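Have a look at the structure below before the remarks.
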Amino acid sequence: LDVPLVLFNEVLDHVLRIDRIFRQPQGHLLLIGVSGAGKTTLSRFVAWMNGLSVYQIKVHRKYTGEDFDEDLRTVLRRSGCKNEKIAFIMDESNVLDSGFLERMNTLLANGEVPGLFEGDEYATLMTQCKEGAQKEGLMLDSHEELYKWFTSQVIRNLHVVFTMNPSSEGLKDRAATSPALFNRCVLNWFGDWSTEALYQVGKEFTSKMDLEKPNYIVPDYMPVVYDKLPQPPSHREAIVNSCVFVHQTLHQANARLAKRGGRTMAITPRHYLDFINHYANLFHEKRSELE
Amino acid sequence: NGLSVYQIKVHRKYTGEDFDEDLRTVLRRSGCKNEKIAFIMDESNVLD
Amino acid sequence: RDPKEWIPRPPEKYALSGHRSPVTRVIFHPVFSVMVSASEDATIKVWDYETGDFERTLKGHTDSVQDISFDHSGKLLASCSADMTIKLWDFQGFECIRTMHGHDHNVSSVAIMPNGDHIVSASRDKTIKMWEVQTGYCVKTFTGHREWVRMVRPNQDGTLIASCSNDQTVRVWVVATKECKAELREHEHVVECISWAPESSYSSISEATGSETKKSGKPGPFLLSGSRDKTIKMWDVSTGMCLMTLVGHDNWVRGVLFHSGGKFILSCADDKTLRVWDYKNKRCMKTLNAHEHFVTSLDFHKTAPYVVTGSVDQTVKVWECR
Amino acid sequence: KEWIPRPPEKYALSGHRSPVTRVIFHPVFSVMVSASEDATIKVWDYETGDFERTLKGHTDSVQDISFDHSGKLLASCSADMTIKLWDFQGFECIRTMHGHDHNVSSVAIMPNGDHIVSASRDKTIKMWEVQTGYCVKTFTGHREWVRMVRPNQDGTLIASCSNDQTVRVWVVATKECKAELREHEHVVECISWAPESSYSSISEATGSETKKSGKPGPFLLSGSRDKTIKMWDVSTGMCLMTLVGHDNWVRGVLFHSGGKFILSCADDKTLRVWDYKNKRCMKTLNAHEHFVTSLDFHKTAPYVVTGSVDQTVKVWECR
Amino acid sequence: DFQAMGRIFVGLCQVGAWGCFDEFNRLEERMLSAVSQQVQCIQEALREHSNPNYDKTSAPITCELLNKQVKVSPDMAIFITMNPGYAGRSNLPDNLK
Amino acid sequence: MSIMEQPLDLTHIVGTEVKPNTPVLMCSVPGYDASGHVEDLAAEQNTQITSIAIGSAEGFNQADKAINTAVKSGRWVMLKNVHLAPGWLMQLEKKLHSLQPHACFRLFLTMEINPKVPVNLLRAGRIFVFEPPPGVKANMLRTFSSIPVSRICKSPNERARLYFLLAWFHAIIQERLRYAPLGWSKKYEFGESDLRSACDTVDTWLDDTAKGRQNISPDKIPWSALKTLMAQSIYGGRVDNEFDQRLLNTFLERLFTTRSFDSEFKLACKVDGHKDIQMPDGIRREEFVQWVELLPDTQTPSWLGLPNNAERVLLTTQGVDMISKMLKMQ
Amino acid sequence: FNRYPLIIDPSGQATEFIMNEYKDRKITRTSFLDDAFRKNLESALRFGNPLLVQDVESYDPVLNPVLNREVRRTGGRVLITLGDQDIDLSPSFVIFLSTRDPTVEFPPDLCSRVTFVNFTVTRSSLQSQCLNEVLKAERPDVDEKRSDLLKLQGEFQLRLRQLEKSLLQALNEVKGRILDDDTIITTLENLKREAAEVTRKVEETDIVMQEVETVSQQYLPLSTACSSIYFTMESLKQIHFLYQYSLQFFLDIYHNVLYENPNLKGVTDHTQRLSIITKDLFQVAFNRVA
Amino acid sequence: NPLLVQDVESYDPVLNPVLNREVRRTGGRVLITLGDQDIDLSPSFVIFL
Ligand SMILES: Nc1ncnc2c1ncn2[C@@H]1O[C@H](COP(=O)(O)OP(=O)(O)O)[C@@H](O)[C@H]1O
């Protein structure tokens, strides 16, 4: 993945948490946070480090339950028969039906779906488990014990990462629709980027720009937004604090707009990244043309 | 003549089991699907 | 001149030759007395068959044009080329008003529904796609063919579309529900061309084949399928049985169609000949040495007694009928 | 047909880096070919005015080009002392033909489609074989540079014009100057013959009396630098009418496809359409900012193409 | 559904038998509206059958049902029995009522 | 605001003020349908119309074909109860936006006022609201306009008086429904369907009694036939309460009698305590219509026979809501 | 824009603006409802062609790698994993998303992936549109005079900018001293003299604008009233969900009261016509809305 | 991506479609049927053994 990432304290803590579960058998993640916060990118980065193969279902408008089952069949075959480390990352927007959760609920807890493989595909799966068990040196013949080995392999190999937005009612609804999601999955509350996280991203990204003013006068009443801002702040630190305040202004803007009854669009950390990126380009362009 | 040309894609890992599966594929097409197949193979493809 | 019995004659009327590449198909304008032909030089030249005077060229396609068709009103021309595109032409203005993409390989057929609000096309990606005239959106795809689909043609009412592919099978589909009504496979080789039976020929077909009159009153749609095994077969779509097989072409049959009066069958092949068939007696009357090379297509005017045949020799010919 | 060029133009093609020397129409295809002085032969689609390709096999400035009856082969002559034959299917030089010393001026293919003629400064006309490339016979008798040479409609009679003020008509079988015409005030440059569509129109437009056979006889036309266009009778050799009014030297002349009007180009920077029947149509049309070099008339399509010194080729509608 | 109601109507139209549809509001609201079109066509055929100018020697009166021409017997009638007091039952569309 | 109380002029608006690209959304409150008006509008315009009832998968197919055919032939298309398929309505609006139909093409979407109707469809088309007329005078005008003039002016000259009496009875009964506990016991579905059945009943029995005679005696009119049929089949069918039936019987006997033809007959008694509504003395349709148009603008529940204080709480509530609506949209 | 924009325009005027800007770049219009959307998407990605996709409410999740720029750089090419095949992402590729529903809701992931661009109707813009419309209907000579002058001022101001840029361009490229080469003096004299008449042409155009403006001041109250009526129209949705009215509906009312007004048949006084139009504007709006 | 492949003495009989250049035109310009995948050949591709 050729996408730049700005690292702060929370990212280091988060990736360590993800790495911990991936090294555990039957390790499943439940990442909760605002969209665009890096939940998928962090999981993919950690999955590469641990050798996991990232799998995401390519959902579209015509996607249906059979398409989901086919994708599940492919993942289980690779995870169980081929003994391939798979990190199955799925977003809640990929759940287009309650049947999607029903298959996942059984898979998360039991590690296998009783109704997924039938008929010819069951025979094909049973055959694939035969030479599959041969490579580890296990001599298993009958179908019943072959399924146990396949189930055991999936539990050890397959890891599931589930990411969804922090919806209070959706959390309660999902607490009953998928009980295994709250029992077989480790819940990590990424949430929105904190004030410190926003400050760290701004400090790192705007480091390339000059933002230096030796004759900058510190006002008596500093509009302090970042709590740990240095008491005699520099010109650069004041700029980054203003950048954090701008992002928080939109959050209050939506709350006031939603309270009155208007339509609001959620503000995400990706908006902050666009803000600093526009700041970097405009500063470079205006400085160049003025010179 | 309408014959469907079939050629076995051999490689270094091509073994007897791979050839048998290819034979099963061509026979199924030419025996069950009533498909005329012109099976073309070279002596180099005869590894065993 | 019997108004439902004229047949072409060896003395050609006009020999139009302006194409730089083999002529793919030739069609008649339903209303105006003008002719449209598509060739392999990515050009669609328009000719007048009364005076044999070239009028204009409709360019815009990148690669060879494979099929052209007209709607009922004659105000729109639908052309498909090998560049994976389908272009809709405003015939009065002679400009491309809409270009349609979506096929994954060579497109070898195109036709406008009798209602005139939808376009059907078949390509080399083993799919038959349907498009909207107004929006240009793909709304349906007809899958099931195992090989390159060469031609697609709708029936009179537009409810059924037939298709012939390289899989040596002819499939009849239902537009409303996309289901395969029948799989007509008796040709021993690739099937090239298909054609439906006009409303004036059901009685003649029924009495010629000896089929008993049905209690419903409709004998059922009849389909023709010329293939490369030098045979022409007429099918009963309702029953899926080959009513007859016509033999006598010396090479691959490229086009086949009924006489406008529903009394004879006109078919052209790669044997450099155009043949007129009597399905009453299952035999051929007259053989015309149409061109000096392969004959790619033919068309029969609905009212006027004129027959046009395209060919690989880059020549389009008009035949008087007497 | 009353096809007439109009002052509004359709396309002004300018791709040549050197003055254009001649322009022709493809017999069957919608192709217009122009020859210039940069040793390149360019191919255009006159219907849409799009440059198609170039044929850069020649060494020195290309003088004259010609097609055949079928439009399959293209014959070219240039100042590099050679005749080049082009295969129009693939657009490659398939036979380079030498001899015929010094700058070769004109080249043409008889409607037989088997032999080629050429003219050059060496005061002679050579007849070649397209299949082999060997000059079987040579025409001698011109005492100066032969400028422009055309055959008849059946490959039997050939007329050649030269700087020596003489327009001599030659015969394939006898190789003799059947008619010699030495009457022009200044140098003759361009000649063209009469199609069968115009033989009837000449009889009552000039008062000529039919012979015992009744056929009016072959007809000739010659354009000269003396600003006069004169049409001639091959069978007899006397004048019928002289067309005057060009301001400068004339460079190209030919008959309308309908055989009713006269279209010509001259160094007067303008194209003049003249009527010989009644002297009614004297349309003068400004064509180029510089000298106009050559022109052609499409056999069926209502299009005319003109080449000029200004590196630009123009196409006019006919109405 | 629409097909079953049309097929039942075809049987009633041809036979000429009274059709009593009790609990008629148990159908889906969308499908009650769809049925109304068939009833209107049937009722229109019955009305046109009752005019004095019609003669039995002429063509029999037919109505468009299920994309077919079905003869309509004058003795046939449609009756629906409903209990509107039950909550959850569909509300018949105004055009049907 | 004098235009609104007049009956809607669909002929002028559809022909001129509605573009072919704009669908004609015709919303209606429960108990009212706009389908009948368009069919009458199409009939008098001599324009073919295709009516399709939405709610079935094949119903959508016919809708697509009818719309596709009409936009080229300039015909009319009706789709009733489109509110039952809100998902399909969104698709329909998208198709309509990219469309260049015939100049005479018109699309009518008959639906009830439902919150599930897509917002974009409402903005795309023109909305017409069908609801009970505001007053008795408005209810008369709608009734007279709907009934053809030739239908009223038949051979008996007493037919016009009978139609006017039926119109007054229909106006009084329907208007009382705004007072649910007092005017009746529940919101009965007294609509145009009942009025049409009553009009056909009047025509059938008048023709049966008067055998084409120009004039008939007022007592010879089958008053009992009209009174009983209206109280039992036409209007009394929807009535499930004994006291409501008694109220309906009282109005019928107070109106449909031989005394109604008297010059001094009273429609209502003491509307304002001094004045009372008087029977018009006309014998033709025009005279009755003119009297309707001359009715005073002021209206009280005493016109319906209800006490004058029955509308005090309702008017006060509507006034407060009007203030709230103004204060919500400042 | 950094993230690919999403366009909201109920009137659709922003749609052709995107078309006109990228017309030279052979921009292609498609929609999410088209079954062949994938083929157009791959063609745009491979050949770097601008793409405009409508009906975003049916957003295909296949654009998630494209919107997120989950690109792979290897071997000098840029690879994007669209579905299950790899496509060389040309740097010139750009995609625009458009919709005509201002009230459509979007999932938060889609909101993060795109840059919302809302094309709303403002009071100032509406007043200008109505003022121009009434000017054309009532004083066509003034309206065309204003239209020509706006074109004149635009290419006068553009000419001055070019002259100012060229004057600095010439002075910065002299290899030595100005008087060393006489041709430099010729250019500056031409450039300086060129701005002389353009400045006068601007001045003579400006005074006519004063006359054009002072005659349009009479119609200013009508345009102000039109803005108030239309925004009352839009806010009518607060009291009932059925009172949904688009801008085109108000324009039709404005068009009808201007050209199809029966009360303007024999009236020729401008003040009388304006009063009649204003009075009928309120009447027509109420009649249609109610 | 010009490619150099060493150790030709262990030649894989999978370059036979590449070596014989049995590509076809139309439907994507040059199309090579490598095994079962209809690979689209790149005109700049070249291989050395
Ligand atoms: N730490 C970070 N620094 C910079 N950009 C980031 C960071 N985390 C996420 N992003 C941006 O977010 C995008 C991917 O978001 P994604 O992880 O898919 O959202 P979600 O977490 O909702 O799945 C990338 O394009 C990247 O630019």
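Chains A, B, C, D, E, F, G and H supply the protein sequences, listed in that same order.
Positions 1 to 291 (my numbering) are the ones given, in order, by the first sequence.
Positions 292 to 339 (my numbering) are the ones given, in order, by the second sequence.
Positions 340 to 661 (my numbering) are the ones given, in order, by the third sequence.
Positions 662 to 980 (my numbering) are the ones given, in order, by the fourth sequence.
Positions 981 to 1077 (my numbering) are the ones given, in order, by the fifth sequence.
Positions 1078 to 1407 (my numbering) are the ones given, in order, by the sixth sequence.
Positions 1408 to 1697 (my numbering) are the ones given, in order, by the seventh sequence.
Positions 1698 to 1746 (my numbering) are the ones given, in order, by the eighth sequence.
Don't be surprised by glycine CBs; every beta carbon is placed ideally from N, CA and C.
Rounded to the nearest angstrom, how far is the Cβ of residue 1408 of chain F from that of F:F1182, given a contact under 8 Å?
-> Because chain F in this structure spans residues 1078 to 1407, residue 1408 of chain F falls outside the shown range and cannot be described.
Is the CB of D:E708 under 8 Å away from at least one CB in chain C?
-> Stepping through the fourth sequence from its first residue, residue 708 of chain D is reached at position 47. Answer yes: the Cβ-Cβ gap between D:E708 and chain C drops below 8 Å somewhere.
Three-state secondary structure (DSSP) at C:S564?
-> Here residue 564 of chain C refers to the residue found at position 225 when the third sequence is read from its first residue. Of the three classes helix, strand and coil, the one that applies to C:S564 here is strand, per DSSP.
Compute the minimum distance between the beta carbon of A:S35 and the heavy atoms of ligand 1, and state whether it is under 7 Å.
-> Here residue 35 of chain A is taken as the residue at index 35 of the first sequence, counted from 1. Correct: A:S35 has its Cβ closer than 7 Å to ligand 1.
Rounded straight-line distance, which links the Cα of D:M771 to that of D:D762 = The sequence position of residue 762 of chain D within the fourth sequence is 101, counting from 1. The sequence position of residue 771 of chain D within the fourth sequence is 110, counting from 1. Approximately 22 Å, taken between the alpha carbons.
Below 8 Å on the Cβ atoms is my guess for A:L146 versus A:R77; work out the distance and round it to an integer in Å.
-> Here residue 146 of chain A refers to the residue found at position 146 when the first sequence is read from its first residue. Here residue 77 of chain A refers to the residue found at position 77 when the first sequence is read from its first residue. Not really, about 13 Å apart at Cβ, beyond 8 Å.
Provide the residue span of the beta strand (DSSP E) that contains D:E850, from first to last.
-> Looking up residue 850 of chain D in the fourth sequence gives position 189. Note, D:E850: beta strand (DSSP E), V849 to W854.
Contacts of F:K1149 in chain E (Cβ-Cβ under 7 Å) | The residue given as residue 1149 of chain F occupies position 72 in the sixth sequence. Per Cβ cutoff of 7 Å: no residues; F:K1149 is ~22 Å from chain E at best.
With hydrogens ignored, establish whether the beta-carbon of D:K703 is closer than 7 Å to any heavy atom of ligand 1.
-> For the purposes of this step, residue 703 of chain D is identified with residue 42 of the fourth sequence, where counting begins at 1. Result no, Cβ not under 7 Å from ligand 1.
With distances taken between CB atoms, is the gap from D:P963 to D:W705 smaller than 8 Å?
-> The residue you call residue 963 of chain D lines up with position 302 of the fourth sequence. The residue you call residue 705 of chain D lines up with position 44 of the fourth sequence. Contact: no.
Hey, could you find the ends of the beta strand (DSSP E) D:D706 is sitting in?
-> Along the fourth sequence, read from residue 1 onward, the residue named residue 706 of chain D stands at position 45. Residues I702 to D706.
Contact belief for C:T635 with C:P347 at Cβ below 8 Å, rounded distance in angstroms | Start at 1 with the first residue of the third sequence, and residue 635 of chain C comes out as number 296. Start at 1 with the first residue of the third sequence, and residue 347 of chain C comes out as number 8. In fact, because the Cβ distance is near 17 Å, the residues do not count as touching under 8 Å.
Between the region 1497–1511 of chain G and the region 1528–1539 of chain G, do three or more beta carbon pairs fall short of 8 Å?
-> no
Can you list, in chain order, the residues of its chain whose CB lies under 6 Å from that of E:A1025, leaving out five sequence neighbours each side?
-> Residue numbering aside, residue 1025 of chain E sits at position 45 when the fifth sequence is read from its first letter. Taken in chain order, the residues that qualify are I1041, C1043 and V1052.
Is the region 1373–1388 of chain F close to the region 1473–1489 of chain G, with three or more CB pairs under 8 Å?
-> no
Within 9 Å of chain C by C-beta, residues of the region 1426–1449 of chain G in sequence order | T1435, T1437, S1438, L1440, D1441, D1442, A1443, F1444, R1445, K1446 and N1447
Is A:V11 near ligand 1, with its Cβ less than 7 Å from a heavy atom?
-> Counting from 1 along the first sequence, the entry for residue 11 of chain A is found at position 11. Correct: A:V11 has its Cβ closer than 7 Å to ligand 1.
Determine the contact status of A:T195 and A:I239, defining contact as a CB-CB distance below 8 Å.
-> As a position in the first sequence, residue 195 of chain A is number 195, starting the count at 1. As a position in the first sequence, residue 239 of chain A is number 239, starting the count at 1. No, the pair does not count as a contact, with Cβ atoms beyond the cut-off.
Just grab the DSSP bridge partners of E:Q1049 for me.
-> In the fifth sequence, counting from the first residue as 1, residue 1049 of chain E sits at position 69. Answer by DSSP bridge pairing, in chain order: E:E1044.
At a cut-off of 7 Å, is C:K557 close to ligand 1 when judged by its beta-carbon and the heavy atoms of the ligand?
-> Along the third sequence, one-based indexing puts residue 557 of chain C at 218. No.
In angstroms with no decimal places, state the Cα-to-Cα distance between G:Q1679 and F:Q1395.
-> Taking the first residue of the seventh sequence as position 1, residue 1679 of chain G is located at position 272. Taking the first residue of the sixth sequence as position 1, residue 1395 of chain F is located at position 318. When rounded, the distance between both Cα atoms is 39 Å.
Looking at the unbroken alpha helix (DSSP H) that takes in G:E1620, where does it start and where does it end?
-> For the purposes of this step, residue 1620 of chain G is identified with residue 213 of the seventh sequence, where counting begins at 1. Looking at the DSSP string, the run of the alpha helix (DSSP H) that includes G:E1620 is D1589 to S1623.
Please determine, among A:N165, A:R184 and A:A180, the residue with the shortest C-alpha to C-alpha distance to A:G191.
-> Taking the first residue of the first sequence as position 1, residue 191 of chain A is located at position 191. Taking only the C-alpha atoms, the option nearest A:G191 is A:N165.
Report buried or exposed for A:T74, applying the criterion of at least 16 other Cβ atoms within 10 angstroms of its Cβ.
-> Counted from its first residue, the first sequence places residue 74 of chain A at position 74. Classification of A:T74: exposed, given that the 10 Å Cβ count is below 16.
Examine chain F for any beta-carbon lying closer than 8 Å to the beta-carbon of G:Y1652, and answer yes or no.
-> In the seventh sequence, residue 1652 of chain G corresponds to position 245, counting from 1. Cβ-Cβ to chain F under 8 Å: yes for G:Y1652.
Residue closest to C:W470, alpha-carbon to alpha-carbon, out of C:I458, C:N628 and C:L523 = Taking the third sequence and counting its residues from 1, the one referred to as residue 470 of chain C is at position 131. Closest option to C:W470, Cα to Cα, is C:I458.
Using alpha carbons as the reference points, say which of F:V1194, F:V1091, F:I1129 and F:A1140 lies closest to F:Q1122.
-> What you label residue 1122 of chain F is simply residue 45 of the sixth sequence in a count that begins at 1. Nearest C-alpha to F:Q1122: F:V1091.
Let me know if A:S178 comes out buried or exposed under the rule of 16 or more other beta-carbons within 10 Å of its beta-carbon.
-> Counting from one through the first sequence, the residue named residue 178 of chain A turns up at place 178. Classification of A:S178: buried, given that the 10 Å Cβ count is 16 or more.
Proximity of C:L605 and C:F639 at Cβ, strictly below 8 Å | Here residue 605 of chain C refers to the residue found at position 266 of the third sequence. Here residue 639 of chain C refers to the residue found at position 300 of the third sequence. Contact flag set, yes.
Cutoff 8 Å: D:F712 Cβ touching any chain C Cβ = By 1-based counting over the fourth sequence, the position of residue 712 of chain D is 51. No, D:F712 does not count as interfacial toward chain C.
Checking contacts by CB at 8 Å: is B:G293 closer than that to chain C?
-> Locating residue 293 of chain B in the second sequence gives position 2, counting from the first residue. By this cut-off, B:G293 is an interface position.
Check the Cβ of H:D1704 against every Cβ in chain B and list those closer than 7 Å, keeping chain order.
-> As a working mapping, residue 1704 of chain H is identified with position 7 in the eighth sequence. Simply none; closest approach about 11 Å.
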